[PDB]
Amino acid sequence: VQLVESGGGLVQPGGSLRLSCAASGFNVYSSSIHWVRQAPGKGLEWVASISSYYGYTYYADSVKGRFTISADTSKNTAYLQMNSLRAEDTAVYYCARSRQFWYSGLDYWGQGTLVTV
Amino acid sequence: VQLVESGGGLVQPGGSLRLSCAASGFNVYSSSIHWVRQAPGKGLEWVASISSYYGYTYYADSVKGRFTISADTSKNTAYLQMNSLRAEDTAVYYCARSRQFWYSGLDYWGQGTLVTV
Amino acid sequence: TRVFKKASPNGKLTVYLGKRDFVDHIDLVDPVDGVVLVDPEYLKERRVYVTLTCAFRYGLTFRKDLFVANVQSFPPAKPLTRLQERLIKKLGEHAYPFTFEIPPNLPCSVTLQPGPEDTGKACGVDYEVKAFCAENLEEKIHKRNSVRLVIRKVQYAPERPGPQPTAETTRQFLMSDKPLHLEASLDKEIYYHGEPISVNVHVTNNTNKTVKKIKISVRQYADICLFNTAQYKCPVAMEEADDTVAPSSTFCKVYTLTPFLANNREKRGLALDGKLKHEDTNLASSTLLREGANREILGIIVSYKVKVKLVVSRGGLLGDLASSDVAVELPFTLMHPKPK
Amino acid sequence: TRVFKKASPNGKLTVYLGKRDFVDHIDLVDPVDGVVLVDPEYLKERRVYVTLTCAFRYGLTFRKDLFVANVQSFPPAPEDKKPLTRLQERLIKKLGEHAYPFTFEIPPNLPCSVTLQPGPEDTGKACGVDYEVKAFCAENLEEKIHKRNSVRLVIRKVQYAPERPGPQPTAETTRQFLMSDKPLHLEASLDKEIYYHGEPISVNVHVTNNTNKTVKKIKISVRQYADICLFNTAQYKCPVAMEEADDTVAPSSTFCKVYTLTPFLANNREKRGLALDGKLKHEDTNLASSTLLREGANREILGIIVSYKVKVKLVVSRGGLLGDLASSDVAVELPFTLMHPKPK
Amino acid sequence: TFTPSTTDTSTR
Amino acid sequence: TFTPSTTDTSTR
Amino acid sequence: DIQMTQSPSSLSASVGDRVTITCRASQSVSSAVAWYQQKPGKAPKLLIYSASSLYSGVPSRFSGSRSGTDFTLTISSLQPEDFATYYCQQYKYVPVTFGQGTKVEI
Amino acid sequence: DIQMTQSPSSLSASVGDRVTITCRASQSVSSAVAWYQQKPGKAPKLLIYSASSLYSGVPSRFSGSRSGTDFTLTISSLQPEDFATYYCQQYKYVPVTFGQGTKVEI
C-alpha cells in the first residue's frame, strides 16, 4: 500500500507535462486520487482530484482548463496532464489517496516529483 | 387407533345390506381398508379391499359383482354394499387395516358384525 | 437372511443381490455389492463383467447414461461384505464378488407419469445391475449370456424434524392506509406419503378490499436437466375455499390437504417414485440435497410446496395495477419414514 | 460529543438528533432518540409532537406510509415515559428546563433507506424508501402540520457488512448433449461472500468441456436484484458490471480462469430504477447495499429489497445436427453480499 | 422358454 | 428568510 | 389362486411345550406371509409379518420362519394365554388367501 | 472557497512542552477537518481526521478539538521527532483548502 509518482522535470513556460501516479495496494474505485502541489517555501495546495467510482474530476480555479486529471483503472494509475504551463506552476506535486467511502483525509501520500517551469 | 363396525343384521336371501367401518386414528390415504368375512365354525376369508391412495378396489371371486366396497375419505369411513345376498354369505364380517406403504399384515381389526342370511 | 437371485436365459450366469433399494444418505450411498455365479467350463476363456448404469430414458427416445461403472468379476483381478462372504460360502468356488460405489450428487429413481396419448416405456432415471460374460468390454452384450436387475436409489425422511415452514406477505393499496397481511404455516416440515397436510392461514385484512376466495394447493416441482434447464409445476392437491374476509376484519382457518395418486393419474409428466417393472408407485419423494451447494444435477429433482393464494376483489380508482392474487408458498418435505 | 440541530422557520422549535443514520442489526434497530427545545411562551396552548415516518415516495405520485410513530414531547405525556439516554440527558442539561426528550423504536422487518435512480426523462421527486423525524406544534393531532411550526429531519436506516465472513459462494452445473457421450461441466466460485463498495470481485471459473461442442464465449456479469413490493410483487434485474470474454473452450478440453469485476456508479448512471443507498437531500450515493434479512423467514416486506448475484454464462456453439433443442446458454449464478464495513 | 425372472434364496 | 437547514452543536 | 395348506388342523400341548405350526404355499409367495391369532369370539390378532418379523407388542415367544414355500410359526413356551386358532395369510398376490387355522388346546 | 486561517505562523518549544496549534475556518466546515505534519523534504503525514479522530498509527500525544469554526491541534508531550510544519485541511467543500502551516522548532 504505497504510491509512486514520476514525470516531473524542467519545462519552459507554455509547455506541457504528464505526471503519472502508480497507485498500488488499493483499488481505484474504493479510493479517490488527489494531486496536491507545494511551491518551494510555500504551503500545500490542492490542484486536482478524481473519483473513479463516480467518474468525477475536480480542479482548482488556478488550474481549471489548463490541467487534466485522468485514471487508468486497468493498471491502477492516475495521470495529471499539465498543459499550457506557467512559471508560477513550479512546485513539488504530490499524489495523495483518500477513502472513497468516505473521505477521512489524505492518508497515503507519494514521494513527490518536482515540476520546474 | 381403533376400528368400529356397524350394520350387520338379519336379511333374507336375495336381500341387500350395507356394512360400515368407522375408521379412527389413521388416515384413509396412508392405510388400506379390508373386509374379511368368517363363516361360523370356519376360517377367515378375504372378500373386499379398498386403497384410497390409488383409488383401487378388489373383490373376491365369490362376491364380484354382488358386493361393492366404498370409502368416505372425509369421514374416514368405509362401506361394504352387500347386494344380491345368498344363504352362503352368512358370516361374521371383519373390517381390517393394512399399511399403504407398505402392506405388512392386517394389524388392526374391528370387533366384527354378524350378517345372517 | 435372504438375497435376490436372477439367472441368465441359458442358466450359465446367475447374479445375487442382497437388496434392490439402496439408500442415499446425501453424504454417501449404500454400496451395491453382490456375488455372481459362473461356470468356467461354459466360459472357455471369456470374462464375466458386471455393470452398474444410471440412465435417463424416454421410452424421440432420448436415452442417455448419467453414470456407468464396470467391474470384472471373473477372472478376479474391495474387501468382502459379510453378506458376500456368506454367499460365497453358500455357493462355492465358482461364485465371485462384485462391488459398486454410487458417487453422491446422482439422481434417485424417479419415473415421470406417462400421458394418456402414449403407452411406451417409462421416462425418468433408473439404475440397473447387469452381469454378462464376454471376452472384452468392446464386444456387444448378448441376451443369452447377460442378466439385468433393476435396482433403485431411494431416500428416506430425515430423522430430525425440520423448522416449521412459515411464510407471510403484505400488500398496500392506493385507497387504503393500512395493509393487507397474509400469514400461512404448516404444522410440520416433513410429511409422509398419504398423510394429511394442515395449513394454518391467518389473514389480517385492514384494507378497503375484501378477499373473495382462498385457494390452497400442494404443488410438485420437478427439476429436469438433461439438455436444458426445466422446472415443471403440477398441483397434486387443491382446495378452493369460498371463505371471505371482510374489509377491516381478520380471519384464521386451518386447511387439511392430502396429496395422493388416485386423482392425479391424468397429469402427464407427474414425477413418481422409481418403479421396478410397472407397479403403482406413489408420488415422487422429495430429494434431499446438501444444505448449501448451489449445484445442478443431471436428472430429476423433486420438491413440494404449499401455495396459499388470496383472491382480492378487483375495482378501485387504481384499477388493474394492483395485486389480485396475494400468494405465499410453504416448502415442505414429502418422503417415506426410515424402515423399522 | 456533537449532535445535529435543526430549527423551525420561525425559530420557536428546535430538534436535536444525535445521528442521521441508525443501524439495523436485523434483530433490532438503533433507537431514534432526541431532544426538542420548546418555547411555552410562544406555545400558548398547543402541544409539541414528534413523528417518525417511513414512506415509499413518488414512483404518478404513489406516496404511501409504511410505518408511522408519533410521540408527544410537550407537555410530557405519561404514556411516552421511557428512560433517558446519556445523549438526551446531556442535551437537556445543556439546553435547560424547556428541553424535552423523544424516543422512537423502529420495529424490525422494515425497509432500509433505498433510492431508485431516476431515468433521463424523470423530473419529479426521489423514488424509494425514506425515513423522517418531524417535530411540530399543534393543539391536537387532527390538525394539519404548519410549515412555520414544524421541523423535518431526514434520517436513514442503514445496514453494515456482517463481521463474520460467510461461506464461500460456489455453484456448478452440468449439461448433457445428444451427440456427446460425456457432459459439459461448469464450475464458478467467488473469493469471498461479503464484498465492499468499490472492492473488486474475483470470479474463479472452471469449465470442463467433455462434449463435442465448443464454448464460444464466457459472460461474467454482476447483477442487482431489487424486490419492490408496494401494490404488487416485482423483482427488477440490473447488470451493474459485465465482462464479455472471448475465451473459447475446445471439445474434450478444460479451461480455468479468474475474472475480476468491480461494480461502480460511473457507468451505471443511465440505468433507470437502479437501487442506490438512501440520500439525505440529493448527494451522490453508491449502489445500494445488500439488505440483511433473517436467516430463514420466507417473509415478503413492503419496500425495496436489494440483493446481488454474479451470473457466469457459457455460450455454446449451435450445430452438430440433432435439431438443436439445446440451451446453448449454460449459466450459473452466485449470490454475494455488497455492503459497507462497520465504522471503526 | 421364458426369461428367468427374479427370485430369492436363503443365504445359508 | 430561507429555511433553517441542519447544523451541529457541542453536547456541552 | 394360491392355497395356503396349513398343518396340523389342530394340536394339543402342555404349558411350556414347544409348538410348531407349518404353512405351505402352493406357489412361491416370497416372504409375504403373515400369521394371526384368533381366540374364539374375538377378532384375529396379527402376530408375524414378512414370515419372520414379529409384530410390535407380540411376545417374543412367537417366531416365524420360511424355507422356500414352507412357512412355520413356532411358540417357544406355551403360556395358558396362547391357546387359540392360528391363521396363516399370504399377501403376495390378490386375492389374499388365509390358512385353515390351527386350534391349540391343553 | 473557504479561508483556512492558521495561527501561529511558527512557534518554539522544548522537549515535553505542551504545544497548541489553532486553525480557524471562515465558514462552518462541520467536523470535516484534517491535520498533517510535513518534515522538510518529505511528504505530508496525516495526523487527525474529522477534527478529533486520531489516525491509525500516529502517537497519542496528538489530539484534535473543535469549537464551532475553531479547530485546535494539541501536542501533549513534544518528543524530539515532533518538530515539523503542521497543516490544517478542511474537506467539507470543494475546492479543498489547507492551512498555511505552523513550523515548530526547538
# chains A, B, ... in the order shown; residues from 1 in each chain; ligands from 1

$ calpha_fit_rmsd --fixed "chain H" --moving "chain G"
0.2 Å

$ calpha_fit_and_write --fixed "chain A" --moving "chain B" --output "PDB file with C-alpha atoms, in the first residue's frame"
ATOM      1  CA  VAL B   1      -0.185   0.057   0.189  1.00  0.00           C
ATOM      2  CA  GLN B   2       2.237   2.457  -1.490  1.00  0.00           C
ATOM      3  CA  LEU B   3       2.120   5.394  -3.909  1.00  0.00           C
ATOM      4  CA  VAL B   4       4.959   6.151  -6.334  1.00  0.00           C
ATOM      5  CA  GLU B   5       5.237   9.052  -8.778  1.00  0.00           C
ATOM      6  CA  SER B   6       7.074   9.742 -12.030  1.00  0.00           C
ATOM      7  CA  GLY B   7       7.056  12.481 -14.643  1.00  0.00           C
ATOM      8  CA  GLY B   8       8.304  15.680 -13.015  1.00  0.00           C
ATOM      9  CA  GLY B   9      10.917  17.655 -14.891  1.00  0.00           C
ATOM     10  CA  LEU B  10      12.072  20.983 -16.260  1.00  0.00           C
ATOM     11  CA  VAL B  11       9.781  22.559 -18.865  1.00  0.00           C
ATOM     12  CA  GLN B  12       9.518  25.995 -20.437  1.00  0.00           C
ATOM     13  CA  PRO B  13       6.610  28.370 -19.740  1.00  0.00           C
ATOM     14  CA  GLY B  14       3.745  27.488 -22.038  1.00  0.00           C
ATOM     15  CA  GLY B  15       4.971  23.893 -22.178  1.00  0.00           C
ATOM     16  CA  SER B  16       3.156  20.698 -21.281  1.00  0.00           C
ATOM     17  CA  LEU B  17       4.026  17.908 -18.853  1.00  0.00           C
ATOM     18  CA  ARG B  18       2.376  14.635 -17.834  1.00  0.00           C
ATOM     19  CA  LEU B  19       2.649  13.367 -14.255  1.00  0.00           C
ATOM     20  CA  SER B  20       1.835   9.752 -13.399  1.00  0.00           C
ATOM     21  CA  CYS B  21       0.916   8.210 -10.041  1.00  0.00           C
ATOM     22  CA  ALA B  22       1.392   4.426  -9.950  1.00  0.00           C
ATOM     23  CA  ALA B  23      -1.051   3.496  -7.202  1.00  0.00           C
ATOM     24  CA  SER B  24      -0.599   0.052  -5.655  1.00  0.00           C
ATOM     25  CA  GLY B  25      -2.140  -1.783  -2.726  1.00  0.00           C
ATOM     26  CA  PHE B  26      -5.634  -0.332  -3.170  1.00  0.00           C
ATOM     27  CA  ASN B  27      -8.385  -0.134  -5.773  1.00  0.00           C
ATOM     28  CA  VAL B  28      -9.207   2.938  -7.850  1.00  0.00           C
ATOM     29  CA  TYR B  29     -12.933   2.495  -7.150  1.00  0.00           C
ATOM     30  CA  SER B  30     -12.616   2.187  -3.361  1.00  0.00           C
ATOM     31  CA  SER B  31     -10.231   5.169  -3.264  1.00  0.00           C
ATOM     32  CA  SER B  32     -10.035   8.734  -4.541  1.00  0.00           C
ATOM     33  CA  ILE B  33      -6.782  10.019  -6.048  1.00  0.00           C
ATOM     34  CA  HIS B  34      -5.745  13.614  -5.387  1.00  0.00           C
ATOM     35  CA  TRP B  35      -2.956  15.894  -6.586  1.00  0.00           C
ATOM     36  CA  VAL B  36      -1.554  18.464  -4.145  1.00  0.00           C
ATOM     37  CA  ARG B  37       1.195  20.797  -5.339  1.00  0.00           C
ATOM     38  CA  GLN B  38       3.544  22.700  -3.043  1.00  0.00           C
ATOM     39  CA  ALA B  39       5.560  25.677  -4.247  1.00  0.00           C
ATOM     40  CA  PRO B  40       9.072  25.768  -2.736  1.00  0.00           C
ATOM     41  CA  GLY B  41       8.992  27.526   0.618  1.00  0.00           C
ATOM     42  CA  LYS B  42       5.175  27.651   0.661  1.00  0.00           C
ATOM     43  CA  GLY B  43       2.283  25.518   1.887  1.00  0.00           C
ATOM     44  CA  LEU B  44       0.241  22.716   0.380  1.00  0.00           C
ATOM     45  CA  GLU B  45      -2.266  23.520  -2.366  1.00  0.00           C
ATOM     46  CA  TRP B  46      -4.796  21.083  -3.805  1.00  0.00           C
ATOM     47  CA  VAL B  47      -4.981  21.206  -7.613  1.00  0.00           C
ATOM     48  CA  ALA B  48      -6.884  18.168  -8.893  1.00  0.00           C
ATOM     49  CA  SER B  49      -8.826  15.125  -7.717  1.00  0.00           C
ATOM     50  CA  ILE B  50     -10.505  12.179  -9.437  1.00  0.00           C
ATOM     51  CA  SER B  51     -13.196   9.772  -8.230  1.00  0.00           C
ATOM     52  CA  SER B  52     -13.325   6.690 -10.444  1.00  0.00           C
ATOM     53  CA  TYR B  53     -16.383   5.304  -8.641  1.00  0.00           C
ATOM     54  CA  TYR B  54     -18.474   8.339  -9.633  1.00  0.00           C
ATOM     55  CA  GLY B  55     -16.464   9.345 -12.708  1.00  0.00           C
ATOM     56  CA  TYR B  56     -15.972  12.898 -11.432  1.00  0.00           C
ATOM     57  CA  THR B  57     -12.886  15.107 -11.645  1.00  0.00           C
ATOM     58  CA  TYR B  58     -12.317  18.343  -9.728  1.00  0.00           C
ATOM     59  CA  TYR B  59      -9.746  21.058 -10.408  1.00  0.00           C
ATOM     60  CA  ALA B  60      -8.617  24.191  -8.633  1.00  0.00           C
ATOM     61  CA  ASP B  61      -9.566  27.553 -10.110  1.00  0.00           C
ATOM     62  CA  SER B  62      -5.904  28.216 -10.946  1.00  0.00           C
ATOM     63  CA  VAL B  63      -5.637  25.048 -13.073  1.00  0.00           C
ATOM     64  CA  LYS B  64      -9.137  24.832 -14.571  1.00  0.00           C
ATOM     65  CA  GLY B  65      -8.888  24.279 -18.318  1.00  0.00           C
ATOM     66  CA  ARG B  66      -5.100  24.007 -18.333  1.00  0.00           C
ATOM     67  CA  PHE B  67      -4.836  20.851 -16.214  1.00  0.00           C
ATOM     68  CA  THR B  68      -6.527  17.486 -16.672  1.00  0.00           C
ATOM     69  CA  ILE B  69      -6.589  14.560 -14.241  1.00  0.00           C
ATOM     70  CA  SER B  70      -7.150  11.036 -15.548  1.00  0.00           C
ATOM     71  CA  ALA B  71      -7.122   7.470 -14.267  1.00  0.00           C
ATOM     72  CA  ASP B  72      -6.134   4.167 -15.865  1.00  0.00           C
ATOM     73  CA  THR B  73      -8.318   1.880 -13.769  1.00  0.00           C
ATOM     74  CA  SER B  74      -6.854  -1.228 -15.418  1.00  0.00           C
ATOM     75  CA  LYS B  75      -3.306  -0.282 -14.367  1.00  0.00           C
ATOM     76  CA  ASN B  76      -4.317   1.411 -11.073  1.00  0.00           C
ATOM     77  CA  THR B  77      -2.570   4.593 -12.213  1.00  0.00           C
ATOM     78  CA  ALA B  78      -3.626   8.248 -12.323  1.00  0.00           C
ATOM     79  CA  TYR B  79      -2.320  10.942 -14.659  1.00  0.00           C
ATOM     80  CA  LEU B  80      -2.139  14.737 -14.496  1.00  0.00           C
ATOM     81  CA  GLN B  81      -1.793  16.472 -17.870  1.00  0.00           C
ATOM     82  CA  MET B  82      -0.153  19.841 -17.170  1.00  0.00           C
ATOM     83  CA  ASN B  83      -0.920  21.759 -20.357  1.00  0.00           C
ATOM     84  CA  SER B  84      -0.262  25.468 -20.977  1.00  0.00           C
ATOM     85  CA  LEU B  85       2.123  25.618 -18.028  1.00  0.00           C
ATOM     86  CA  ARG B  86       3.130  28.919 -16.429  1.00  0.00           C
ATOM     87  CA  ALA B  87       6.075  30.091 -14.345  1.00  0.00           C
ATOM     88  CA  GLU B  88       3.934  30.195 -11.188  1.00  0.00           C
ATOM     89  CA  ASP B  89       3.169  26.469 -11.601  1.00  0.00           C
ATOM     90  CA  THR B  90       6.624  25.390 -10.417  1.00  0.00           C
ATOM     91  CA  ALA B  91       6.161  23.233  -7.318  1.00  0.00           C
ATOM     92  CA  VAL B  92       6.539  19.763  -5.844  1.00  0.00           C
ATOM     93  CA  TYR B  93       3.455  17.838  -6.955  1.00  0.00           C
ATOM     94  CA  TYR B  94       2.151  15.213  -4.530  1.00  0.00           C
ATOM     95  CA  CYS B  95      -0.212  12.360  -5.351  1.00  0.00           C
ATOM     96  CA  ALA B  96      -2.424  11.500  -2.391  1.00  0.00           C
ATOM     97  CA  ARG B  97      -5.128   8.962  -1.619  1.00  0.00           C
ATOM     98  CA  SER B  98      -8.397   9.298   0.256  1.00  0.00           C
ATOM     99  CA  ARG B  99     -11.044   6.719   1.070  1.00  0.00           C
ATOM    100  CA  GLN B 100     -13.987   6.715  -1.307  1.00  0.00           C
ATOM    101  CA  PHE B 101     -16.350   5.655   1.510  1.00  0.00           C
ATOM    102  CA  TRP B 102     -15.607   8.036   2.970  1.00  0.00           C
ATOM    103  CA  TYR B 103     -13.090  10.888   2.793  1.00  0.00           C
ATOM    104  CA  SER B 104     -11.085  10.938   6.029  1.00  0.00           C
ATOM    105  CA  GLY B 105      -8.046  12.963   5.002  1.00  0.00           C
ATOM    106  CA  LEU B 106      -5.181  12.163   2.647  1.00  0.00           C
ATOM    107  CA  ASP B 107      -3.846   9.134   4.492  1.00  0.00           C
ATOM    108  CA  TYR B 108      -1.344   7.997   1.836  1.00  0.00           C
ATOM    109  CA  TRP B 109       1.012  10.298  -0.073  1.00  0.00           C
ATOM    110  CA  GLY B 110       3.563   9.876  -2.814  1.00  0.00           C
ATOM    111  CA  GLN B 111       7.184  10.923  -2.510  1.00  0.00           C
ATOM    112  CA  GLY B 112       6.670  14.006  -4.687  1.00  0.00           C
ATOM    113  CA  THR B 113       8.084  15.068  -8.056  1.00  0.00           C
ATOM    114  CA  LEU B 114       9.397  18.560  -8.756  1.00  0.00           C
ATOM    115  CA  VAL B 115       7.973  20.339 -11.807  1.00  0.00           C
ATOM    116  CA  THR B 116      10.246  23.272 -12.652  1.00  0.00           C
ATOM    117  CA  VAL B 117       8.848  25.946 -14.959  1.00  0.00           C
TER     118      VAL B 117
END

$ select_by_dssp --residues "stretch 28-103 of chain C" --states "helix (DSSP H, G or I)" --output "list in words"
residues 40, 41, 42, 43, 82, 83, 84, 85, 86, 87, 88, 89, 90 and 91 of chain C

$ residues_around --residues "stretch 121-138 of chain D" --least-positions-apart "2" --cutoff "6 Å" --atoms "only C-alpha atoms" --output "short mmCIF file (atom, residue, chain, number, x, y, z; two decimals) with N, CA, C and O atoms, in the first residue's frame"
data_model
loop_
_atom_site.label_atom_id
_atom_site.label_comp_id
_atom_site.auth_asym_id
_atom_site.auth_seq_id
_atom_site.Cartn_x
_atom_site.Cartn_y
_atom_site.Cartn_z
N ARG D 46 -50.81 25.02 22.59
CA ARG D 46 -50.56 23.90 21.70
C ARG D 46 -49.66 22.86 22.38
O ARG D 46 -49.21 23.03 23.52
N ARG D 47 -49.40 21.78 21.66
CA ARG D 47 -48.52 20.72 22.12
C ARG D 47 -47.47 20.45 21.05
O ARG D 47 -47.69 20.72 19.86
N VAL D 48 -46.33 19.92 21.47
CA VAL D 48 -45.24 19.59 20.57
C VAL D 48 -45.24 18.08 20.39
O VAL D 48 -45.01 17.32 21.34
N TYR D 49 -45.51 17.63 19.16
CA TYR D 49 -45.46 16.23 18.80
C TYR D 49 -44.27 15.97 17.89
O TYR D 49 -43.89 16.83 17.09
N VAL D 50 -43.69 14.79 18.01
CA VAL D 50 -42.59 14.35 17.16
C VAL D 50 -43.03 13.07 16.46
O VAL D 50 -43.54 12.15 17.11
N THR D 51 -42.85 13.02 15.14
CA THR D 51 -43.32 11.92 14.33
C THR D 51 -42.17 11.27 13.57
O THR D 51 -41.31 11.97 13.02
N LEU D 52 -42.15 9.94 13.57
CA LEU D 52 -41.23 9.16 12.75
C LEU D 52 -42.03 8.44 11.68
O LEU D 52 -42.93 7.66 12.00
N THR D 53 -41.71 8.71 10.42
CA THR D 53 -42.47 8.17 9.30
C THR D 53 -41.54 7.51 8.30
O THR D 53 -40.53 8.10 7.90
N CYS D 54 -41.87 6.28 7.91
CA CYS D 54 -41.21 5.58 6.82
C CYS D 54 -42.18 5.53 5.64
O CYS D 54 -43.28 5.00 5.77
N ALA D 55 -41.77 6.10 4.51
CA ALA D 55 -42.66 6.27 3.38
C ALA D 55 -42.01 5.78 2.10
O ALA D 55 -40.79 5.84 1.94
N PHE D 56 -42.84 5.29 1.18
CA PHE D 56 -42.43 4.90 -0.16
C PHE D 56 -42.93 5.99 -1.11
O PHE D 56 -44.13 6.08 -1.37
N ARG D 57 -42.01 6.80 -1.62
CA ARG D 57 -42.37 8.07 -2.23
C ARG D 57 -42.60 7.92 -3.73
O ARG D 57 -42.72 6.81 -4.26
N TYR D 58 -42.67 9.06 -4.43
CA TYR D 58 -43.23 9.14 -5.77
C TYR D 58 -42.57 8.16 -6.73
O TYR D 58 -41.35 8.07 -6.81
N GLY D 59 -43.41 7.44 -7.47
CA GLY D 59 -42.94 6.42 -8.39
C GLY D 59 -43.44 5.04 -8.01
O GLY D 59 -43.90 4.83 -6.89
N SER D 113 -33.18 2.62 3.93
CA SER D 113 -33.24 3.77 3.04
C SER D 113 -32.61 3.40 1.70
O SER D 113 -31.39 3.27 1.59
N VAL D 114 -33.45 3.23 0.68
CA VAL D 114 -33.00 2.86 -0.66
C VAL D 114 -33.64 3.82 -1.65
O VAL D 114 -34.86 4.00 -1.65
N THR D 115 -32.81 4.43 -2.49
CA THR D 115 -33.27 5.34 -3.53
C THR D 115 -33.11 4.67 -4.89
O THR D 115 -32.04 4.12 -5.19
N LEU D 116 -34.16 4.70 -5.69
CA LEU D 116 -34.10 4.19 -7.05
C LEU D 116 -33.65 5.31 -7.98
O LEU D 116 -34.16 6.43 -7.91
N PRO D 118 -33.39 7.79 -10.81
CA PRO D 118 -34.37 8.27 -11.78
C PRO D 118 -33.86 8.15 -13.21
O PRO D 118 -32.65 8.19 -13.46
N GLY D 119 -34.79 8.02 -14.14
CA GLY D 119 -34.45 7.93 -15.54
C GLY D 119 -34.12 9.28 -16.12
O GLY D 119 -34.25 10.34 -15.49
N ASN D 140 -53.88 19.73 18.64
CA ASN D 140 -54.28 18.33 18.63
C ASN D 140 -53.56 17.61 17.49
O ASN D 140 -52.78 18.21 16.75
N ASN D 149 -44.15 26.07 12.01
CA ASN D 149 -44.03 25.45 13.32
C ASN D 149 -43.26 24.14 13.31
O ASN D 149 -42.83 23.69 14.37
N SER D 150 -43.08 23.52 12.15
CA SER D 150 -42.57 22.16 12.07
C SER D 150 -41.11 22.15 11.62
O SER D 150 -40.66 23.03 10.89
N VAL D 151 -40.39 21.13 12.08
CA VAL D 151 -39.02 20.86 11.67
C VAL D 151 -38.96 19.42 11.17
O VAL D 151 -39.34 18.50 11.89
N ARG D 152 -38.48 19.24 9.94
CA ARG D 152 -38.34 17.92 9.33
C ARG D 152 -36.87 17.59 9.15
O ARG D 152 -36.13 18.36 8.53
N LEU D 153 -36.46 16.45 9.70
CA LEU D 153 -35.10 15.94 9.55
C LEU D 153 -35.16 14.57 8.91
O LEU D 153 -35.83 13.67 9.42
N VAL D 154 -34.46 14.41 7.79
CA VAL D 154 -34.38 13.12 7.11
C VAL D 154 -33.34 12.26 7.81
O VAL D 154 -32.21 12.69 8.03
N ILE D 155 -33.73 11.04 8.17
CA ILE D 155 -32.82 10.08 8.76
C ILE D 155 -32.81 8.84 7.88
O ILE D 155 -33.69 8.63 7.04
N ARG D 156 -31.79 8.01 8.06
CA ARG D 156 -31.59 6.83 7.24
C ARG D 156 -31.42 5.60 8.11
O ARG D 156 -30.75 5.63 9.14
#

$ closest_atom_pairs --of "chain G" --to "chain C" --cutoff "12 Å" --atoms "only C-alpha atoms" --output "JSON lines"
{"residue": "G:30", "atom": "CA", "partner": "C:2", "partner_atom": "CA", "distance": 10.3}
{"residue": "G:31", "atom": "CA", "partner": "C:2", "partner_atom": "CA", "distance": 9.4}
{"residue": "G:50", "atom": "CA", "partner": "C:2", "partner_atom": "CA", "distance": 11.7}
{"residue": "G:51", "atom": "CA", "partner": "C:2", "partner_atom": "CA", "distance": 11.9}
{"residue": "G:52", "atom": "CA", "partner": "C:1", "partner_atom": "CA", "distance": 10.1}
{"residue": "G:53", "atom": "CA", "partner": "C:340", "partner_atom": "CA", "distance": 10.3}
{"residue": "G:54", "atom": "CA", "partner": "C:340", "partner_atom": "CA", "distance": 11.4}
{"residue": "G:55", "atom": "CA", "partner": "C:340", "partner_atom": "CA", "distance": 11.0}
{"residue": "G:56", "atom": "CA", "partner": "C:340", "partner_atom": "CA", "distance": 10.5}
{"residue": "G:65", "atom": "CA", "partner": "C:1", "partner_atom": "CA", "distance": 10.8}
{"residue": "G:66", "atom": "CA", "partner": "C:2", "partner_atom": "CA", "distance": 10.2}
{"residue": "G:67", "atom": "CA", "partner": "C:2", "partner_atom": "CA", "distance": 10.7}
{"residue": "G:68", "atom": "CA", "partner": "C:2", "partner_atom": "CA", "distance": 10.7}

$ residues_around --residues "stretch 3-11 of chain F" --least-positions-apart "6" --cutoff "7 Å" --atoms "only C-alpha atoms" --output "NGL selection string"
:D and (1-9 or 90-91 or 94)

$ residues_around --residues "stretch 11-21 of chain G" --least-positions-apart "2" --cutoff "7 Å" --atoms "only C-alpha atoms" --output "list in words"
residues 7, 8, 23, 72, 73, 74, 75, 76, 77, 78, 79, 80, 103, 104, 105 and 106 of chain G

$ interface_residues --of "chain C" --to "chain B" --cutoff "12 Å" --atoms "only C-alpha atoms" --output "list in words"
residues 191, 192, 193, 194, 195, 196, 197, 256, 257, 258, 259, 260, 261, 262, 263, 264, 265, 279, 280, 281, 282, 283, 335, 336, 337, 338, 339 and 340 of chain C

$ write_last_selection --atoms "C-alpha atoms" --output "CSV table (one decimal), in the first residue's frame"
chain,number,residue,atom,x,y,z
C,191,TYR,CA,-44.7,-35.2,5.8
C,192,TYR,CA,-45.1,-38.9,4.8
C,193,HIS,CA,-46.9,-40.3,1.8
C,194,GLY,CA,-50.7,-40.5,2.3
C,195,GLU,CA,-50.6,-38.4,5.5
C,196,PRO,CA,-52.5,-35.1,5.5
C,197,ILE,CA,-51.0,-31.6,5.5
C,256,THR,CA,-56.2,-30.0,5.5
C,257,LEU,CA,-54.8,-31.4,2.3
C,258,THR,CA,-53.6,-34.9,1.3
C,259,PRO,CA,-51.7,-35.5,-2.0
C,260,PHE,CA,-52.4,-38.9,-3.5
C,261,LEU,CA,-52.2,-40.6,-6.9
C,262,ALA,CA,-55.9,-41.5,-7.4
C,263,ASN,CA,-56.9,-38.1,-8.7
C,264,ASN,CA,-53.6,-37.3,-10.3
C,265,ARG,CA,-53.5,-40.1,-12.9
C,279,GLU,CA,-46.2,-51.4,-10.4
C,280,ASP,CA,-48.0,-48.5,-8.9
C,281,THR,CA,-45.6,-46.2,-7.1
C,282,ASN,CA,-46.7,-43.2,-5.1
C,283,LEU,CA,-45.9,-39.6,-5.9
C,335,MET,CA,-40.9,-38.6,2.0
C,336,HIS,CA,-41.0,-42.2,3.4
C,337,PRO,CA,-40.1,-42.9,7.0
C,338,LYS,CA,-37.0,-45.0,7.5
C,339,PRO,CA,-38.0,-48.6,7.7
C,340,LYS,CA,-38.1,-50.3,11.1

$ closest_residue --among "G:28, G:10, G:49, G:1" --to "chain B" --atoms "only C-alpha atoms"
G:49

$ closest_atom_pairs --of "chain D" --to "chain C" --cutoff "8 Å" --atoms "only C-alpha atoms" --output "CSV"
residue,atom,partner,partner_atom,distance
D:62,CA,C:174,CA,7.5
D:64,CA,C:177,CA,7.5
D:65,CA,C:177,CA,7.5
D:170,CA,C:294,CA,6.9
D:171,CA,C:294,CA,4.8
D:172,CA,C:295,CA,4.9
D:173,CA,C:296,CA,4.7
D:174,CA,C:298,CA,6.3
D:175,CA,C:227,CA,5.7
D:176,CA,C:227,CA,5.3
D:177,CA,C:227,CA,5.7
D:178,CA,C:62,CA,7.7
D:181,CA,C:64,CA,7.8
D:229,CA,C:171,CA,7.4
D:230,CA,C:172,CA,5.4
D:231,CA,C:322,CA,5.1
D:232,CA,C:323,CA,5.0
D:233,CA,C:323,CA,7.9
D:297,CA,C:167,CA,6.7
D:298,CA,C:167,CA,4.9
D:299,CA,C:168,CA,5.0
D:300,CA,C:169,CA,4.7
D:301,CA,C:170,CA,6.7
D:302,CA,C:170,CA,6.7
D:325,CA,C:227,CA,7.6
D:326,CA,C:227,CA,5.4
D:327,CA,C:228,CA,5.0
